[PDB]
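Colleague: What follows is a single structure, and I will ask about it in a moment.
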Number of protein chains: 8
Amino acid sequence: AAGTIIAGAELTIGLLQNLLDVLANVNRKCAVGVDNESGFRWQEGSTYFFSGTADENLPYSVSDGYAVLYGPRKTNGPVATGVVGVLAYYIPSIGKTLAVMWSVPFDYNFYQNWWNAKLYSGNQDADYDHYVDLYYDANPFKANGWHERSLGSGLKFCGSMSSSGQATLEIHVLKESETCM
Amino acid sequence: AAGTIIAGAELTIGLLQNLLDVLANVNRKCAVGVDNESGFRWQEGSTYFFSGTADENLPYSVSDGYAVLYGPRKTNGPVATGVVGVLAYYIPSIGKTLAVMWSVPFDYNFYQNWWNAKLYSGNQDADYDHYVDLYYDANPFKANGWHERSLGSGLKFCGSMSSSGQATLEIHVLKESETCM
Amino acid sequence: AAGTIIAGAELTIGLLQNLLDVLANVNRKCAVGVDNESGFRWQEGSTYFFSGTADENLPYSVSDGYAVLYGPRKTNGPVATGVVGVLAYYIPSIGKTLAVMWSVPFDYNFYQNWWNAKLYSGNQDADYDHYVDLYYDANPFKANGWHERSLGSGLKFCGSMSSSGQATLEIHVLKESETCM
Amino acid sequence: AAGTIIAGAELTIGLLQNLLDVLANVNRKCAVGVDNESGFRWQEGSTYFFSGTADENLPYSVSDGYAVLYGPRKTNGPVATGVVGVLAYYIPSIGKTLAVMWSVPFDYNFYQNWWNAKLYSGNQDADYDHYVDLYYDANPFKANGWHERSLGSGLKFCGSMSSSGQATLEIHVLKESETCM
Amino acid sequence: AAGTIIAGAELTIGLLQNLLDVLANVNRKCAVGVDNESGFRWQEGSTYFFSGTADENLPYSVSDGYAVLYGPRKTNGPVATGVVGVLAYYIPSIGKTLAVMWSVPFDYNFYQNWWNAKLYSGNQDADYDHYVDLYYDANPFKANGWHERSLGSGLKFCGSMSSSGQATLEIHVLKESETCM
Amino acid sequence: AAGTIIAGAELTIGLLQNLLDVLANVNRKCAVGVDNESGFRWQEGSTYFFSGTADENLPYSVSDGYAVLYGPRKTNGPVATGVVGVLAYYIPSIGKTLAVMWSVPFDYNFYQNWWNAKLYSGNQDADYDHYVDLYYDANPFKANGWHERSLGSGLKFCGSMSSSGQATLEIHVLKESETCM
Amino acid sequence: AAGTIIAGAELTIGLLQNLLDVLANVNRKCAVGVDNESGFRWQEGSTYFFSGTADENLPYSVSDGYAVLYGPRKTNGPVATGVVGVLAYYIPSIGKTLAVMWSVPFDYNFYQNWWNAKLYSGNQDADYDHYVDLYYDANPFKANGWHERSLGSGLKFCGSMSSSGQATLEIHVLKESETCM
Amino acid sequence: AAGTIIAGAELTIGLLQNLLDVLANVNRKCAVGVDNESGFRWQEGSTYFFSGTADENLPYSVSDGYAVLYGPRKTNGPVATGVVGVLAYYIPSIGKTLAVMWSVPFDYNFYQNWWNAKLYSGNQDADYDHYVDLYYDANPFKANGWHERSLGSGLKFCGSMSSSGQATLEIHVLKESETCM
């Protein structure tokens with residue numbers, strides 16, 4: 001009895017160490033770049049994560065001709081969740097708030113990389129009601145190259161996301177008349 | 001008997017080594033940046049930690065247009081506490097003391113990152129009565145992006161904290177009429 | 001019984017660790033360089049992968065005299081698939097879309113490196129109907145040095161792929177009258 | 001008998017190796033900076049350690065407007081003592097000797113970081129009668145931020161120590177009329 | 001029985017790991033340098049491998065006074081084959097194609113390093129009929145220092161290969177009247 | 001019997017490896033700096049070690065305004081002796097020889113760091129009769145900060161040693177009227 | 001029986017791994033430098049190895065005032081042979097060929113480092129008939145410092161080899177009237 | 001029987017590995033610097049080793065005002081011999097040969113570092129009759145600092161050796177009237 005209980009424990013602890021060493025080294029990140037060619041100041045940068053986190057802050061504002069660079073990532077240690085979230089700014093020159101969403105999941109058998117962006121009315125913090133509205137109810141974009149979309153109020157965007165899981169998301173927000181990039 | 005006592009000890013010492021090696025490598029830090037655009041000299045920098053420590057000192061004073069950069073961290077070795085504390089300066093041009101608070105907990109199942117700041121009357125060192133007043137009794141701010149708040153005596157702040165656990169806290173303290181960042 | 005069950009498990013876990021450590025360290029990548037000497041702007045860069053991924057995005061456009069550099073790779077971790085895909089751009093000055101295809105397989109007993117390129121009518125995203133048309137129905141090129149081919153509408157290309165599996169693909173797209181490289 | 005004596009020895013030697021490997025890697029240091037804005041030359045630098053050591057010497061003198069930087073540390077190898085000591089200089093322009101004291105203990109369940117400084121009459125080497133007079137009988141300062149204190153003979157200091165255990169101690173010694181830092 | 005079956009398996013897996021770790025770390029490469037002093041443009045660079053591969057492409061053309069540098073190597077992983085191949089260019093100013101061949105074998109008990117070069121009629125891709133004609137039917141050169149040979153049509157070459165197995169092959173192709181190097 | 005003889009040998013060899021690995025990694029060195037502000041040339045540099053060695057030589061002479069830097073260390077490998085020695089120079093302008101002594105012991109339970117210096121009559125090599133005269137019969141100096149001492153013939157020194165065991169010894173030899181450092 | 005067959009195999013495989021790991025890490029190389037101060041062009045550089053190889057080629061020619069630097073080494077992997085060889089150049093201004101020989105053996109119980117050089121009549125590749133004539137029949141030079149020797153036709157050399165086994169061979173070939181180095 | 005034969009073999013192979021790993025990592029070297037301030041050219045540099053070797057050659061000549069730097073070392077691998085040898089140059093302006101000797105032994109229980117130098121009549125290679133004449137019959141110098149000695153023919157030397165075992169030997173050879181260093 002007891003000799004094989006300790007030997008079966010030493011085997012089981014070896015398997016649990018392999019499981020947690022795998023889940024701690026399966027990495028997800030979404031290097032978000034949002035470029036403001038709008039002709040308008042963006043301010044009051046707010047953030048929500050359905051899963052994952054980031055180590056730096058958003059810029060408080062991004063002025064005309066500058067970019068938000070943001071580096072969100074999965075929760076540290078042996079946890080099987082991806083990086084999924086929303087980023088938002090008020091745009092006081094038009095009275096609307098931009099929100100940008102990304103999903104970079106853990107389990108690519110069930111899910112895939114998605115992103116979206118929209119303008120909401122007034123000043124709003126990013127929260128779960130923006131995540132579900134940007135991910136389900138307004139048609140999101142796959143990680144299959146460049147897409148282009150009007151925002152109303154005289155703005156549009158063009159953007160893309162890579163399919164990697166160590167993803168890049170890249171968006172240019174523009175006057176509607178402007179040629180992308 | 002004795003062969004399985006020594007083998008069960010060797011297993012138990014293996015488990016206690018894994019527990020303490022995990023608790024020694026679960027890291028918490030809060031890189032605090034406080035920027036003084038107040039028009040007023042801040043002096044007599046004092047500190048309290050509910051948990052954690054830092055290796056450098058506060059500047060004795062931060063003059064108009066300069067910043068306090070401070071790097072507090074958890075207690076070293078296998079201990080399951082986060083970094084939580086208060087930082088304070090007297091502002092003799094108004095007769096009040098600024099205090100700034102952060103919490104960056106160990107256990108994100110129970111807690112989350114929080115911060116706050118306020119002006120108290122007269123000259124005071126930071127201590128536990130500032131920690132409970134900034135964390136419970138005056139409404140603190142989450143790690144969900146940029147927030148803005150008046151201090152009275154003609155000052156305000158805007159600031160944010162990241163949700164990481166290897167956090168950044170970032171505050172600009174300003175004349176109340178001034179545009180943030 | 002039980003002593004050899006745990007010893008046969010420890011052997012079997014050793015073999016499964018070797019299998020997954022091999023499949024995680026058998027690397028496939030296809031460093032794609034496509035050089036636009038067409039005299040025409042290429043735009044709306046879209047991508048499909050039959051297998052593998054990339055971490056960066058395509059440029060939204062490649063102007064006259066510049067190149068797309070793209071670094072696709074196999075799916076991360078212990079999976080036995082190569083990198084195979086399609087890249088496409090609209091060329092509005094001629095009303096056609098360029099598509100470029102590569103295959104860099106896992107199993108060189110069954111497969112070999114192949115590539116192709118063609119112009120399709122109108123504006124199209126890259127998808128599986130371009131992969132099968134570029135890989136089966138239009139004659140692809142082996143990894144055996146430089147090949148040259150007319151595209152119609154006054155364009156041609158010359159290009160090559162290396163046979164390595166850590167491949168390079170290299171294409172120059174040119175006016176039909178022009179000398180390659 | 002003898003098989004479990006050798007196996008219980010191999011376990012006990014494993015535990016004693018862990019104990020001494022911990023005590024050899026629990027580090028204490030106190031990076032002392034003392035800045036001489038006194039208007040007076042300090043000379044004949046002498047040192048005492050209640051526990052710990054340093055590898056460099058004190059400067060023989062620190063002239064007006066220069067600083068003593070000193071890096072004391074715990075005794076090397078597996079020993080459970082902190083760094084605790086006294087540093088002293090004669091100041092012949094006033095006929096008194098400055099002494100500075102720090103404590104950076106091993107066991108933060110019983111102790112905490114403390115420092116102090118005072119002027120004694122005449123010329124004296126630092127020794128145990130300065131350690132007990134600076135640590136018990138003259139009120140020492142905690143590691144809780146900046147403190148300020150008159151020395152008599154027209155001098156004062158302001159200073160602070162960090163609570164880390166890899167501490168910094170930082171003191172400016174000044175004319176009594178002068179603004180600190 | 002079963003205890004020595006698992007112990008004999010653990011031994012046999014140890015031997016197969018040593019065999020495959022040896023065959024994966026027995027390296028063969030042939031750094032080919034071919035220098036074009038012909039007075040003639042070479043173009044349409046084509047390649048064949050009897051064994052091994054390369055990661056870069058040939059230049060599409062090598063103009064007068066420039067060199068092809070090419071770095072072929074053995075197939076990656078535990079396979080017991082060397083690097084052996086052919087490289088060819090059309091030379092339209094004379095209506096002939098240069099081909100260059102190297103062999104850098106795995107098993108130096110049976111084989112040795114060899115190279116050759118010749119001009120064929122018209123425009124041809126390198127293939128197995130050039131490998132057998134350059135390695136068997138036209139007299140190849142050993143790795144024993146510098147050799148010199150006329151090509152007809154007013155060209156010659158001089159060249160050498162090192163015997164290492166991490167070989168260099170070095171050829172200068174020249175007008176027949178010219179002094180080598 | 002024999003199974004526990006080999007197991008008790010494997011334990012005993014493990015203990016002797018730990019003992020010799022400790023004694024080989026308990027380091028003693030005494031970085032000696034002697035600065036010649038004497039106004040006199042020192043020459044014929046000679047050395048004695050009671051224990052330890054050095055890898056470089058003394059300068060043959062140190063002229064006015066230059067320093068001897070010397071880096072003596074313990075005997076290499078698992079030996080439990082410190083670094084202890086004497087350094088001497090003839091000073092022909094006064095007809096005397098300077099000798100300098102240090103001790104940096106292995107066992108700080110029995111011993112502590114000591115140094116001394118003196119002028120002897122005529123020209124002498126350093127040897128054991130200088131070691132005992134500088135360490136016992138002329139009062140040596142502890143590692144407790146700066147000390148100052150007349151030499152006769154119009155010279156003095158001031159100097160200090162650190163208590164570390166990776167020590168520094170630092171001496172300035174001066175005209176008797178001169179202010180130290 | 002079978003338990004000690006597998007344990008005696010595991011011991012024997014441990015011994016064969018030590019033998020082959022030693023023979024693979026016992027290194028022999030002979031960094032050959034031959035400096036041409038002859039007043040004459042040397043050309044058609046040819047090489048023979050009795051044992052060992054090199055990775056680079058000889059220069060095709062060495063002109064007046066330049067040097068051949070060549071780095072021959074033993075055969076890679078667990079083989080017990082040194083580096084031994086011949087290097088030769090035609091010298092068309094005198095109608096003779098220089099040959100240079102070195103031996104850098106594996107087994108210094110039987111052998112030692114030797115070198116030689118001579119001029120032969122006409123144009124010849126280096127081969128085994130030069131190795132035996134330079135090593136046995138013309139008196140070779142030991143690795144014991146500088147030696148000097150006439151070549152006839154108005155040339156001489158001076159040279160030396162180091163005894164290391166990671167040897168350097170160094171020869172200056174000169175007009176007979178010239179002073180060496 | 002057989003189980004303890006294989007276990008006693010595995011112990012004995014462990015001890016022989018420790019012995020040879022120690023003897024292969026007990027290092028002896030003697031960095032020889034000989035500086036020629038003689039006013040005379042030294043030439044035809046020859047060498048003998050009683051034990052050890054070097055990887056570089058002597059300079060063929062050292063002219064007036066230059067130095068021989070030479071780095072002899074023990075025989076590589078697990079052998080218990082030091083570095084011991086002789087270096088010699090002819091000095092044709094006086095018709096004599098300088099020889100320099102060093103000993104840097106393995107076993108400092110029996111031996112110590114020694115050196116010597118002398119002028120012999122005529123031109124001679126260094127050999128064993130110089131080693132015994134410089135080490136026994138002409139009084140050698142210890143590694144105890146600087147020594148000075150006339151050579152006859154109007155020369156002298158001054159020099160020293162360090163006692164380390166990773167020794168430096170340093171000699172200046174001078175006109176007899178000259179002040180050393």
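So you can find residues: chains in the structure tokens are A, B, ... in the order shown, residues in each start at 1, and ligands are numbered from 1 in order.
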As a PyMOL selection string, please: every residue in region 61-181 of chain B that DSSP puts in alpha helix (DSSP H).
Modeller: chain B and resi 128-132
Colleague: Can I get the selected residues back with N, CA, C and O atoms, as a short mmCIF file (atom, residue, chain, number, x, y, z; two decimals), in the first residue's frame?
Modeller:
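The resulting file, result31.cif, is shown below:
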data_model
loop_
_atom_site.label_atom_id
_atom_site.label_comp_id
_atom_site.auth_asym_id
_atom_site.auth_seq_id
_atom_site.Cartn_x
_atom_site.Cartn_y
_atom_site.Cartn_z
N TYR B 128 -1.98 55.39 9.72
CA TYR B 128 -3.14 54.52 9.51
C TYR B 128 -4.48 55.28 9.48
O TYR B 128 -5.37 54.92 8.71
N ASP B 129 -4.62 56.39 10.20
CA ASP B 129 -5.82 57.22 10.12
C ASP B 129 -5.97 57.92 8.77
O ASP B 129 -7.09 58.24 8.37
N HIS B 130 -4.90 58.15 8.00
CA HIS B 130 -5.02 58.55 6.60
C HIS B 130 -5.34 57.36 5.70
O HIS B 130 -6.14 57.51 4.79
N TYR B 131 -4.78 56.18 5.95
CA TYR B 131 -5.09 55.01 5.13
C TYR B 131 -6.58 54.67 5.18
O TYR B 131 -7.21 54.56 4.13
N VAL B 132 -7.18 54.55 6.36
CA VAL B 132 -8.62 54.24 6.45
C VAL B 132 -9.50 55.38 5.93
O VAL B 132 -10.51 55.12 5.28
#
Colleague: Need to verify the contact set: region 35-49 of chain C, 9 Å, only C-alpha atoms, exclusion of same-chain residues closer than 3 positions in sequence. Can you return it as number ranges by chain?
Modeller: A: 143-148; C: 52-53, 57-69, 83-94, 97-98, 123-128, 130-131, 155-156, 170-176
Colleague: Based on the backbone DSSP call, show me all residues of region 36-129 of chain H assigned strand (DSSP E or B), as a VMD selection string.
Modeller: chain H and resid 36 to 37 42 to 51 53 61 to 62 67 to 70 73 83 to 91 96 to 104 114 to 121
Colleague: Near region 106-115 of chain H, within 9 Å and counting only C-alpha atoms, which residues show up once chain neighbours fewer than 4 positions away are dropped, as a list in words?
Modeller: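 Contacts, with the query itself left out: residues 26, 27, 28, 74, 80, 81, 82, 83, 100, 101, 102, 134, 135, 140, 141, 142, 143, 160, 161, 162, 163, 164, 165, 167 and 169 of chain H.
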Colleague: Next, dump the selected residues to file, keeping only N, CA and C atoms, as a CSV table (one decimal), in the first residue's frame.
Modeller:
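Saved file result_38.csv follows:
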chain,number,residue,atom,x,y,z
H,26,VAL,N,43.4,22.9,-11.6
H,26,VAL,CA,44.5,23.5,-10.8
H,26,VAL,C,45.5,24.1,-11.8
H,27,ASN,N,45.4,25.4,-12.0
H,27,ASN,CA,46.0,26.2,-13.1
H,27,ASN,C,47.4,26.8,-12.7
H,28,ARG,N,48.4,26.7,-13.5
H,28,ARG,CA,49.7,27.3,-13.4
H,28,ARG,C,50.0,28.1,-14.7
H,74,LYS,N,50.9,25.6,-17.8
H,74,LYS,CA,51.0,24.1,-17.6
H,74,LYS,C,50.4,23.3,-18.8
H,80,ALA,N,49.7,16.7,-13.1
H,80,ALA,CA,50.1,17.3,-11.9
H,80,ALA,C,51.5,17.9,-12.0
H,81,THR,N,51.8,18.7,-13.1
H,81,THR,CA,53.1,19.4,-13.3
H,81,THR,C,52.8,20.9,-13.5
H,82,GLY,N,53.8,21.7,-13.0
H,82,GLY,CA,53.7,23.1,-13.2
H,82,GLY,C,54.3,23.6,-14.5
H,83,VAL,N,54.6,24.9,-14.6
H,83,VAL,CA,55.3,25.5,-15.7
H,83,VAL,C,56.7,25.9,-15.3
H,100,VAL,N,67.0,33.5,-19.5
H,100,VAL,CA,66.0,33.8,-18.5
H,100,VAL,C,65.3,32.5,-18.1
H,101,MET,N,65.2,32.2,-16.8
H,101,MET,CA,64.5,30.9,-16.3
H,101,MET,C,63.4,31.3,-15.3
H,102,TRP,N,62.4,30.5,-15.3
H,102,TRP,CA,61.3,30.6,-14.3
H,102,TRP,C,60.9,29.2,-13.9
H,134,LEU,N,70.9,27.6,-14.4
H,134,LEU,CA,70.1,28.7,-13.9
H,134,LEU,C,69.3,28.4,-12.6
H,135,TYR,N,68.9,27.2,-12.4
H,135,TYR,CA,68.0,26.8,-11.2
H,135,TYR,C,68.8,26.3,-10.0
H,140,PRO,N,69.4,31.3,-7.7
H,140,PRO,CA,68.2,31.8,-8.3
H,140,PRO,C,67.5,32.8,-7.3
H,141,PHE,N,66.5,33.5,-7.7
H,141,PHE,CA,65.7,34.5,-6.9
H,141,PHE,C,64.3,34.0,-6.6
H,142,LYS,N,63.9,34.1,-5.3
H,142,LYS,CA,62.6,33.8,-4.8
H,142,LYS,C,61.5,34.8,-5.4
H,143,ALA,N,60.3,34.4,-5.2
H,143,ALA,CA,59.1,35.3,-5.5
H,143,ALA,C,58.8,36.2,-4.2
H,160,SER,N,61.4,41.0,-10.6
H,160,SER,CA,60.7,40.3,-9.6
H,160,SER,C,59.7,39.3,-10.2
H,161,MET,N,59.3,38.3,-9.3
H,161,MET,CA,58.2,37.4,-9.7
H,161,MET,C,57.2,37.4,-8.6
H,162,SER,N,55.9,37.3,-8.9
H,162,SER,CA,54.8,37.2,-7.9
H,162,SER,C,54.7,35.7,-7.5
H,163,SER,N,54.3,35.4,-6.2
H,163,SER,CA,54.2,34.1,-5.6
H,163,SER,C,52.9,33.3,-6.0
H,164,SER,N,52.0,33.8,-6.8
H,164,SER,CA,50.7,33.3,-6.9
H,164,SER,C,50.5,31.9,-7.4
H,165,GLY,N,51.3,31.5,-8.4
H,165,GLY,CA,51.0,30.3,-9.2
H,165,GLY,C,50.3,30.6,-10.5
H,167,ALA,N,51.3,33.3,-11.8
H,167,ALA,CA,52.4,34.3,-11.6
H,167,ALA,C,52.5,35.3,-12.7
H,169,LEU,N,56.2,37.2,-14.0
H,169,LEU,CA,57.7,37.5,-13.9
H,169,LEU,C,57.9,38.7,-14.7
Colleague: Find the distance between CA of residue 157 (chain F) and CA of residue 119 (chain F) and write it in Å to one decimal.
Modeller: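 Computing it gives 10.9 Å between the two atoms.
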Colleague: Considering only C-alpha atoms, state which residue in the set G:75, G:179, G:51, G:12 is at the smallest distance from chain E.
Modeller: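 Distance minimum relative to chain E lands on G:75.
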Colleague: Record the distance separating CA of residue 18 (chain D) and CA of residue 21 (chain A), expressed in Å with one decimal.
Modeller: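 Computing it gives 23.8 Å between the two atoms.
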Colleague: So that I can see what lies close to residue 70 (chain E), please list as a list in words the residues with an atom at most 9 Å from it, counting only C-alpha atoms and leaving out residues fewer than 6 positions away in the same chain.
Modeller: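 Result of the neighbour search: residues 30, 31, 32, 33, 34, 54, 56, 57 and 58 of chain E.
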Colleague: Using only C-alpha atoms for the distances, tell me which of D:6, D:16, D:181, D:24 is nearest to chain F.
Modeller: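 Closest to chain F of all the choices is D:6.
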Colleague: So, counting only C-alpha atoms, which residue among F:11, F:2, F:150, F:104 is closest to chain D?
Modeller: F:11
